[PDB]
Structures are given as structure tokens and as C-alpha cells.
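K.L.:
Can you keep this structure in mind? I'll have questions shortly.
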Ligand SMILES: COc1cn(-c2cccc(C(F)(F)F)c2)nc(-c2ccnn2-c2ccccc2)c1=O
Ligand SMILES: [Mg+2]
Ligand SMILES: [Zn+2]
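In the entry's author numbering, the protein residues as written are 445 to 759.
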């Protein structure tokens with residue numbers, strides 16, 4: 445599988461399509477690993493990584509995504525693409541280290557997800573919960589990523605010094621961690637303060653780290669920024685998963701929260717409207733103020749919000 449991927453070229457008609465934020469990968473399934481390769485070449489160059497090791501990696505990574513309805517291989521590619529799109533529109537912002545790691549981080553950010561939130565894991569005493577007390581799944585995702593690097597001929601970062609090596613793993617570590625929604629609220633709130641007092645400074649490493657955190661979350665949630673038909677269907681995949689976690693609580697005899705209860709299909713529209721207002725819109729709003737080129741995300745997020753309102757009011 446890994447040998448045939450090196451001989452892949454992206455069809456010319458997509459070269460320009462990919463660059464857009466609202467580009468949907470849904471119909472290009474057997475090309476997804478190629479599209480990732482493509483994204484790394486444009487974003488770094490062919491000289492950056494060793495092609496042989498890079499292909500083994502993407503296939504291993506692919507292998508360890510599970511057949512869950514939403515936290516799967518399609519979602520990893522979708523998220524990676526959004527990060528690509530961000531980086532290409534902010535070419536001057538990031539160091540060579542950041543560009544590389546961040547794409548890797550996005551690809552691996554939900555490795556070996558089982559379909560369960562941190563709550564369900566910390567509630568019913570899962571082994572992972574015993575190991576990882578905070579950011580449970582997120583620390584595991586990083587475990588998985590490190591273990592895949594350490595396989596034979598999978599270490600894509602071979603050609604870097606000790607110093608450069610542990611820098612990029614720290615970037616990847618904190619990035620993947622920042623994908624937990626619990627930390628987004630703090631992070632985002634700290635960044636609004638620093639922008640409106642004008643104390644934000646990207647020379648400051650801890651300020652850079654906060655921004656990258658927000659970029660992760662913006663990328664993670666980017667399915668709310670696609671065109672309406674795609675966003676609509678991606679929602680069905682999210683709730684299928686929410687509802688399966690809820691049916692694991694019903695099996696014991698417990699009513700889950702309304703979000704995870706399939707008896708309340710009828711409230712999904714309102715659930716979305718709530719989620720856009722409290723989470724999605726402030727995310728892209730704050731991202732845009734720090735990185736104006738990412739305005740198209742905010743625009744798209746707004747358009748879908750309207751659409752859910754029309755649904756709510758019966759149109
Ligand atoms: C009500 O609809 C939705 C609720 N959540 C959500 C998720 C967790 C916690 C909470 C908390 F805020 F309730 F804590 C809300 N996430 C999404 C969503 C849209 C895109 N990715 N994504 C997502 C993000 C993370 C996990 C699953 C899905 C969503 O559409
Ligand atoms: Mg995750
Ligand atoms: Zn994710």
C-alpha cells in the first residue's frame with residue numbers, strides 16, 4: 445500500500461480547489477492519503493521529508509483510525525486540510541518547525557478514538573482514565589502518535605538534531621492537547637484579553653502556543669464551515685456518535701444528557717444553534733482578529749448558522 449502512494453499525482457483540476465477553505469474531501473476517498481502528501485509538499489517542499497518514511501507513516505496512522513461514525517480517518521484528513529489552508533494564507537507567521545509539526549499533529553490528533561468523551565471515560569473508571577486523569581483521550585492520542593513514529597522506518601523526523609527533535613514533539617504534544625474542548629474556553633478567554641489590551645506578542649513563545657491552540661480548535665471544528673449540504677450531513681455523523689455513547693449509558697439504565705439522547709432528535713437544530721453561538725462563532729471570531737486572512741471561515745460559519753435558524757423556524 446505504501447509503495448503505490450509515492451507514485452500518486454493529484455489531478456490538475458483539484459490543484460486550485462484544495463487551496464479554498466470550504467473545499468470538501470468527501471468524494472475523493474481513495475485519494476486522501478495522496479492529498480495529504482500533496483499538502484505536505486506545497487506546505488514544505490519535497491526535500492523536507494523522506495518520501496519512503498512519510499508514506500509508511502500515513503498508512504500506519506490511517507490503520508489506527510477506527511470505524512467510528514465521526515472520529516475516523518475522514519475527519520483527520522478534513523482537519524489536516526483546514527490547517528493546510530490556514531498555513532498557506534499566513535505564510536510569514538510560522539517557523540519551519542511549526543509548519544511541519546502542525547500538519548502532523550492535525551493528522552494524528554484523534555488517533556485510536558473509541559467514540560467516547562472524557563466524561564464517559566472518567567465516570568465509568570476506564571483504564572485510560574486511571575492512566576490519564578485530565579485530557580484523557582487527548583493524552584492517549586499523543587501516546588499513539590509517538591508509538592507510530594518509533595516503528596521501523598516510520599520516524600519521519602530522522603533528519604533533525606536532538607534539539608530540533610524535542611521541539612517538534614512539544615509542538616505536536618501541546619497542539620493535540622489543545623484539541624480538548626475543556627481547555628478551549630480558558631485559552632480563548634485569555635486571548636481576547638491580550639488582544640483588547642494590546643498585549644499580544646507572537647515573539648512571546650507562550651503567546652504563540654495559545655494561538656496555535658486556537659488554530660487547532662478552529663481546525664477541529666471546521667466541519668461547521670463547509671457548504672450547507674456537507675455541514676448538514678457531517679452533523680448526522682456527529683450525532684450518530686453522540687447517540688451511540690448515549691446508548692451505552694441506556695444499556696446500564698441511565699438517561700444521558702440531551703445531546704446524547706436519540707429520543708431527542710427533534711432538538712438537534714436548537715442544539716446546533718446553541719453550539720454555534722457559544723463555541724464556534726467566538727472561536728472563528730477570535731481567530732480572525734488575530735489572523736485576518738482566515739475571515740472566510742467566519743463567513744462560512746455565519747452562513748450555516750442562518751441555515752439552522754431557517755430549519756428551526758420551518759423553512
Ligand atoms: C451540539 O452539537 C455539538 C456539540 N459538540 C460538543 C462536543 C463536546 C462537548 C460539547 C459541550 F459544549 F457540550 F461541552 C459540545 N461538538 C460539536 C462539534 C462540531 C464539530 N465538531 N464537534 C465536536 C467536537 C468535539 C467532539 C465531538 C464533536 C457539535 O456539533
Ligand atoms: Mg479529539
Ligand atoms: Zn477531532
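Note that beta-carbon positions come from the ideal geometry of N, C-alpha and C, so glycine has one too.
So, under 8 Å CB-CB, residue 515 and residue 685 are touching, yes? Tell me the CB distance rounded to an integer number of Å.
P.N.:
So it is a contact: roughly 7 Å between Cβ atoms.
K.L.:
Using the beta-carbon count (16 or more within 10 Å), is residue 649 buried or exposed?
P.N.:
It counts as exposed.
K.L.:
Of the choices 613, 745, 749, whose alpha-carbon is the least far from that of residue 465?
P.N.:
Residue 465 has its Cα closest to that of 745, out of 613, 745, 749.
K.L.:
Check the C-beta distance from residue 675 over to residue 748 and give it rounded, since I have them as a contact under 8 Å.
P.N.:
Right, their Cβ atoms sit about 5 Å apart.
K.L.:
For my contact list, residue 512 and residue 559 are in at a C-beta cut-off of 8 Å; report their separation, rounded to the angstrom.
P.N.:
Going by Cβ atoms, the distance from residue 512 to residue 559 rounds to 4 Å, so yes, they are a contact pair.
K.L.:
From residue 542 to residue 698, what does the alpha carbon distance come to, in whole angstroms?
P.N.:
Those two C-alpha atoms are separated by around 44 Å.
K.L.:
In chain order, which alpha helix (DSSP H) runs of at least 4 residues are fully inside the stretch 446 to 485?
P.N.:
The stretch 446 to 485 contains these whole alpha helix (DSSP H) runs: 446 to 450.
K.L.:
Give me the pocket residues for ligand 3, defined as CB within less than 7 Å of any heavy atom, sorted by chain position.
P.N.:
Cβ-based neighbours of ligand 3 within the cut-off: 515, 519, 523, 553, 554, 623, 664.
K.L.:
Does any heavy atom of ligand 4 sit closer than 6 Å to the C-beta of residue 671?
P.N.:
No copy of ligand 4 occurs in the structure displayed; its ligands are ligand 1, ligand 2 and ligand 3 alone.
K.L.:
Nearest CA to the CA of residue 592: which residue from 629, 656, 501, 710?
P.N.:
The candidate whose alpha carbon is nearest that of residue 592 is 501.
K.L.:
For residue 621, tell me which candidate among 479, 449, 584 has the shortest Cα-Cα distance.
P.N.:
Ranking 479, 449, 584 by Cα distance to residue 621 puts 584 first.
K.L.:
Report the residue from 479, 759, 654 whose alpha carbon sits nearest the alpha carbon of residue 547.
P.N.:
Checked all of 479, 759, 654; the closest Cα to residue 547 is 479.
K.L.:
Please say whether residue 678 and residue 727 have beta carbons closer to each other than 7 Å?
P.N.:
Not a contact, by the Cβ cut-off of 7 Å.
K.L.:
From residue 601 to residue 702, what distance separates their C-alpha atoms?
P.N.:
Whole-angstrom Cα-Cα distance: 44 Å.
K.L.:
Please determine if the stretch 481 to 493 and the stretch 525 to 535 are in contact, where contact requires at least 3 C-beta pairs separated by less than 8 Å.
P.N.:
The stretch 481 to 493 vs the stretch 525 to 535: in contact.
K.L.:
Out of 755, 564, 641, point me to the one whose CA is closest to residue 696's CA.
P.N.:
When only C-alpha atoms are compared, the closest one is 564.
K.L.:
Give the C-beta separation of residue 704 and residue 687 to the nearest angstrom, bearing in mind that I take them to be a contact with Cβ-Cβ under 8 Å.
P.N.:
6 Å between Cβ atoms; contact.
K.L.:
May I have the straight-line CA-CA distance separating residue 458 from residue 671, to the nearest angstrom?
P.N.:
Near 17 Å, if we compare the C-alpha coordinates of residue 671 and residue 458.
K.L.:
For the stretch 598 to 674, list the alpha helix (DSSP H) runs that are entirely contained and at least 4 residues long, ordered along the chain.
P.N.:
The qualifying runs are 606 to 621, 625 to 640, 649 to 664.
K.L.:
Can you give me the start and stop residues for the alpha helix (DSSP H) that residue 698 sits inside?
P.N.:
Premise fails: residue 698 is in no alpha helix (DSSP H) and is neither H nor E.
K.L.:
Which value, in whole angstroms, describes the spacing of the CA atoms of residue 586 and residue 578?
P.N.:
Near 13 Å, if we compare the C-alpha coordinates of residue 578 and residue 586.
K.L.:
Is residue 682 near ligand 1, in the sense that its beta carbon is under 6 Å from a heavy atom of that ligand?
P.N.:
For ligand 1, at least one heavy atom lies less than 6 Å from the Cβ of residue 682.
K.L.:
Check whether the Cβ of residue 452 lies closer than 6 Å to any heavy atom of ligand 1, and answer yes or no.
P.N.:
No, ligand 1 has no heavy atom inside 6 Å of this Cβ.
K.L.:
For the candidate residues 523, 474, 540, 589, whose alpha-carbon lies nearest to that of residue 508?
P.N.:
Residue 589 is the option with its Cα nearest to residue 508.
K.L.:
Compute the distance between the beta-carbons of residue 462 and residue 522, then report whether it is under 7 Å.
P.N.:
No. Outside cutoff.
K.L.:
Under the rule that 16 or more other beta-carbon atoms within 10 Å means buried, what is residue 669, buried or exposed?
P.N.:
It counts as buried.
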